[PDB]
Amino acid sequence: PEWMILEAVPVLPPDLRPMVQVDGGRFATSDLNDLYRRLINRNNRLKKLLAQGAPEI
Amino acid sequence: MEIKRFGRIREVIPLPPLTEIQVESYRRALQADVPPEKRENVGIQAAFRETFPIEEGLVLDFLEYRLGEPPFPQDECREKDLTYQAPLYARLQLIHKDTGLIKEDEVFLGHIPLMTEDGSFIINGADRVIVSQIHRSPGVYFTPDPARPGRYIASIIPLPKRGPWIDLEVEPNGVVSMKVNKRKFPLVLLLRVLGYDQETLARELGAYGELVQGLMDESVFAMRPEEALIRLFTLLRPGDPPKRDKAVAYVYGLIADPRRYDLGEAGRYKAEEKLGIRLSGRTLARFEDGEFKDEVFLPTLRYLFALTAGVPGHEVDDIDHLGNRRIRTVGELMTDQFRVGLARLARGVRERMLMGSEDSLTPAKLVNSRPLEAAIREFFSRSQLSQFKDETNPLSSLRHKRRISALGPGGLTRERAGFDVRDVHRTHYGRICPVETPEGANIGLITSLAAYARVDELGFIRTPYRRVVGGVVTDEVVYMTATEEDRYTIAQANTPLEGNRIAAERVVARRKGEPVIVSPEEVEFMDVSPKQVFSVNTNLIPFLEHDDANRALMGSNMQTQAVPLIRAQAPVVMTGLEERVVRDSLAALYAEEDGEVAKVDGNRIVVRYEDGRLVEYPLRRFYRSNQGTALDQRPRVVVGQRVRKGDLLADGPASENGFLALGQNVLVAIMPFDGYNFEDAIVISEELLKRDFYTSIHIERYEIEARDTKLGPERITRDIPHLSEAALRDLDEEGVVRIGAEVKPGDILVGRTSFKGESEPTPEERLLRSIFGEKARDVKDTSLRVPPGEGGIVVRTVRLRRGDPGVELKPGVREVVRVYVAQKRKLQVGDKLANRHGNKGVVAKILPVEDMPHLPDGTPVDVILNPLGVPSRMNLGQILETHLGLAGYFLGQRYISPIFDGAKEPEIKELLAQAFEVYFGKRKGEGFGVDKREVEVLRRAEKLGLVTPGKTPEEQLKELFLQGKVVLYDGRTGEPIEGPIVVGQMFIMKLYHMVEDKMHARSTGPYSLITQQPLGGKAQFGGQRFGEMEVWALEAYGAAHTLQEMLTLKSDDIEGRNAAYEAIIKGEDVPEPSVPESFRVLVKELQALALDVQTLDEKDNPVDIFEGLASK
RNA sequence: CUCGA
DNA sequence: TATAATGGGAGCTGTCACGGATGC
DNA sequence: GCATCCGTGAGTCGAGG
């Protein structure tokens, strides 16, 4: 049952959420990368906040 | 040739300016010709007035705005892919309340797109049209509660995104509830906040039967407006600290704030008319002298109770009535987006006012124009109602400008659109065409403004009627809304008149849409014309009264898809609207005043007017429209010709001497022909090709960029590696194909080289290189070539280079080259033809002339249409047309047959007798008697009861001819068709659906990034989609290997497709397929959701489909 | 979005 | 790195049938 | 045992842009 809670979040292979250069030399990318970046930023900030003894709120 | 016109109905007024719905709306929104101080509080002026002043320097106020001249002309904007627009400046002033200091400045806000003379826009080089949107008018409505019979719902609706919808209901427990933002609460509370006491409410609402008791709550009256206000703020905002000024701010912003709540002027007017009151502004209440003041609530509740009780003079509202649905035109929509952008700008302003030095603030420092420009650009580029202009022909553009959409932003989401919104309401009469609407999912949701209809200043559609007083029809015309129209008895336009007096004692009229027979005494108004019932397109179908509406819809719609031909003709049978369409679409060139033509050229006409001034009119020649059809003007005057005001100077596309020319007049026979015209297919003669009938000019645009890369620059050049002189033959010195060159699929249009990606040569390449001893070049061929199935003659080149005058490309781009390629398209097998009556079909066979059925005089027909296409379609108009055509063929004349006022059978019979005398008398004069074959056909016809037995051959042939039928000989045998055949002239158009643009095939080609499946679309050299249903078909056939092949080797199996291709080129059979890549994708994407998907064997042991590549 | 079947 | 500054601001909503917790 | 709010489906392919 506890497996319904995540401790390690899987990360999809990069080719399935590509960062590719289009005809004009510009870049196109999947939304999954922005979602993942949001996740990673918040997680890292959480680890730092815990490391610096932040309050409860 | 002579034009005879039928009909007795005299139109009192001409059609209004057909694009006025666009032009006047935008002109109203901009107010550009109005000096600033005289501007009304409407449009963008009103937007400014709503945004400013910006408070909390302390104040930033708006004085006025101005629009400058366009930095570039329209044609230049089309060329350089620029937006045709005007600079917008706003005069702002900054005031510090304490210091009293006042700084004033004119700030640049960016540009606003300008509407062209014809009602369209130029956005990034492409012509666009803002389609008008129909929506529910703001106001106060009362509808039957679908759950509780005898109970009603009151709804207060403001402008879109200008306040929430508020509902008033009488609850089963008796209390009167109010719903705002999905929050049900007792209305008594709000009534208390507004400052109503139990006394006032009792004396005001006591008349109704006990309803008022559901309004009586002691706990509400036991508290002053403030406590009630805070109570309401708690009821609407849970969690938010109930501070006084926050409650005041929220409620004011919800009900009283004119910058946030806004019934339209239309909503205000309708609320006033319905509730029998008068509004000071356009909100539901005011904030006056520290307290709130009612405006709409009490009257609405009053009406609701009155209606619930049964008090006379109170009724529910039909929401589909065109008195309750209005049109938002381009001006209003643009103004809305302008308002949004301005709001964002204001937020930015306050944000900057909080920061920075507080003494050194100028208007320029506070104002960032970017969000406004963004909102405008977003509206004109990516809004739903901003559409790529249809300009296949001028009628296309005209119709596109007069379209009305129920969809779009704030509009109806589809599939939530039931039968009601899509219905033809009775009030559509004279306002919205009942015929012209799309087939399929958009039916009833996209419509067309009726020909005489006008949108009024409030947005309601109005139609013209003639005043009738004492059975006498005046020339006084009144434009009415549907609400106004519902008051009168309105006679039909075909009511018999002697002079201006009604001549019948029984006249057909309408009363609230209901047909009724009345006396002339009862007639208050009379229709202007049958024309006013239908759109411009439907008004172009002759004998419309004989066509079933379902096919009329098709002919109507298909006129817009007609292609301009090089030898375009106006129809032999017209409705009489063909000139106004050309004129109003601004296709053709007309004389500005009286004068004499000084110069006539293919490029330009110079006219000397009466003033003595020389005016030069340049002629647009072989220009490319949005759809690639040819836009060119041909001079129709000669040197020294005397012209009057409004006379034709040049014919535009699809114009023949000022008449709308959407196609060709062809001699048709109505008969089966060896299966070649089976199921709507069409047989034509090669003679049509020989004399360039249905030949059309089309121009395609190709484009290529040379940019800077990290590996070296791309460049346009002739020095392309590994190409012969044969391949470079038509390229100029710079590497661009020459003007006049004929290009075919595979041919280079623009030479380009690109530095290769960092190449690690495989050992094979190294060995081969050693064998041939040739250094691999640094650059590779990346040239622009003609795609498969395309080509023609190069007519124009455009080159834009960085570092050159007037030129600045997007960052990194060194140069851009454009090549225009023109083709002359002859009619071919598979091209789509149509008439105005909904008869459509593709050309299935092109017959040599000797194979065509022919008249006894040796004249072959041009087109053979199948009679089986008529009975179940019920579009007999096309038959009548044909008959009249026959007459016109021999009399050398054309006809104007107005809809519902058109030529009748007897007149056509007369014309056919006249034509018969020409058709046969000539023969008898030339010294020839009746033919044996004709005698045979006459015998058969006697058996068919088509001719009276006893008469001479000539008399019988004449009878047949009067039935529109002739003797026809089979070109293959010389024997006559056993029966007489309907033959005559018909107007047929070639539609934009040409097989040349549709034929597409693919062996292998580009695949998708993630799925590794073939791309879609002809442009991407794509593959056909084998969807779920096609799969079902193969499954139902039990075609397991075919299906698996489609699933694997043919799509998304990489090893499989490679091995299959190699096997086929080796002449070996294709190998066994393996795992589709998209299944691996599925597995990985399920793993990303923390699901473990495992492929097992029969022993439940895992099988790796990733071949160890993904297992550590 | 619009068009086509 | 030091005047003092202390709770946001979006929000037009014209369908329908079912499985569901619920919750009246 | 019975009304209430929430989540979810709603034809295909093809074309343009």
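We use all heavy atoms of the structure for the numbers below, so side chains are in, but hydrogens, waters and symmetry mates are not. Letters A, B, ... mirror the listed sequences (proteins, then strands); counts begin at 1.
Using the sign of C1'-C2'-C3'-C4' as the criterion, D/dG19 is classed as a south pucker. Sugar conformation, E/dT12: north. The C1'-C2'-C3'-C4' torsion carries a positive sign.
Contact annotation for B/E1030: no contact, since no heavy-atom pair falls under 4.0 Å across all strands. As judged by a 4.0 angstrom heavy-atom cut-off over every strand, B/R347 is placed among residues making no nucleic acid contact. In this structure, B/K840 reaches the sugar-phosphate backbone alone: every heavy-atom distance under 4.0 Å involves primed, P, OP1 or OP2 atoms, never a base. Using a 4.0 Å heavy-atom cutoff across all strands shown, B/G418 reaches no nucleic acid atom at all. Within 4.0 Å of B/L385, counting heavy atoms only, lies no atom of the nucleic acid at all. Looking at heavy-atom distances under 4.0 Å, B/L407 makes contact with sugar-phosphate atoms alone, never a base. Across all strands shown, B/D262 has no heavy atoms under 4.0 Å from either base or sugar-phosphate atoms. Residue contacts for B/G411: at a heavy-atom cut-off of 4.0 Å it reaches no nucleic acid atom on any strand shown. Residue B/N442 is classed as a sugar-phosphate contact, given heavy-atom separations below 4.0 Å to backbone atoms only. Within 4.0 Å (heavy atoms only), B/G1017 reaches sugar-phosphate atoms of the nucleic acid but no base atom. Among the protein residues, B/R1025 comes within range of the sugar-phosphate backbone only, with heavy atoms under 4.0 Å from sugar or phosphate atoms but none that close to a base. Looking at heavy-atom distances under 4.0 Å, B/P409 makes no contact with the nucleic acid at all.
In this structure, D/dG23 and E/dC2 make a Watson-Crick or G-U wobble pair, each of the two defining distances being under 3.5 angstrom. Nucleotide E/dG14 is matched to C/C3 when pairs are restricted to Watson-Crick or G-U wobble geometry with both distances under 3.5 angstrom. Nucleotide E/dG7: unpaired (no Watson-Crick or G-U wobble partner with both distances less than 3.5 Å). As the counterpart of D/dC18, no nucleotide is assigned, since no Watson-Crick or G-U wobble pattern has both distances under 3.5 Å.
A side-chain contact (heavy atoms from CB on, under 4.5 Å) with B/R328 is found for one member of B/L333, B/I134, B/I130 and no other, namely B/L333.
The six-membered rings of D/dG7 and its strand neighbour D/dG8 do not satisfy centres under 5.5 Å apart together with planes under 30°, so the two bases count as unstacked.
Annotation: D/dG23 and E/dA3 have their P atoms spaced 15 Å apart (nearest Å). If you take atom P in E/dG11 and the same atom in D/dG11, they sit 29 Å apart, rounded to whole Å. For the P atom pair drawn from D/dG14 and E/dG14, the interatomic distance equals 36 Å after rounding to whole Å. When the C1' atom is used for both D/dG20 and D/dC24, the distance is 15 Å, rounded to whole Å. Remark: the separation of the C1' atoms in D/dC18 and E/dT4 is 14 Å, to the nearest Å. Comparing the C1' positions of E/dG17 and D/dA10 gives an interatomic distance of 33 Å, to the nearest angstrom.
For B/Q627 and E/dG16, the shortest distance from a side-chain N or O to OP1 or OP2 is not below 4.0 Å. Contact between the side-chain N/O atoms of B/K832 and the OP1/OP2 oxygens of C/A5 is found at a separation under 4.0 Å.
A residue-by-residue look at B/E700 and B/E415 shows that B/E415 has its nearest nucleotide of DNA chain E further toward the 5' end. Along DNA chain E, the nucleotide nearest to B/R128 and the one nearest to B/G440 differ in position, and the one closer to the 5' end is contacted by B/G440.
Between the side chain of B/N124 and the base of E/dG17 there is no donor-acceptor pair of N/O atoms closer than 3.5 Å. No donor-acceptor contact under 3.5 Å links the side chain of B/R422 to the base of D/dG14. The base of D/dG14 is paired with the side chain of B/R325 by a donor and an acceptor separated by under 3.5 Å.
Side-chain contact check for B/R551 and B/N839: no donor-acceptor pair (N or O, by modelled atom type) lies under 3.5 Å.
Remark: B/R136 is positioned above the aromatic ring of B/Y141, its terminal NZ or CZ atom under 6.0 angstrom from the ring centre and at most 45 degrees off the axis.
Ion pairing between a basic and an acidic side chain is recognised when a charged N comes within 4.0 Å of a carboxylate O; B/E391 and B/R624 show no such pairing.
Considering only heavy atoms from C-beta on, B/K840 stays 4.5 Å or farther from B/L833 through its side chain.
Taking both residues in full, the closest heavy atoms of B/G410 and B/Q133 are given as C-NE2, 4.3 Å, listed atom of the first, atom of the second, then distance.
Separating the CG atom in B/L1043 from the CG atom in B/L1034 is a distance of 5.5 Å, to the nearest 0.5 Å.
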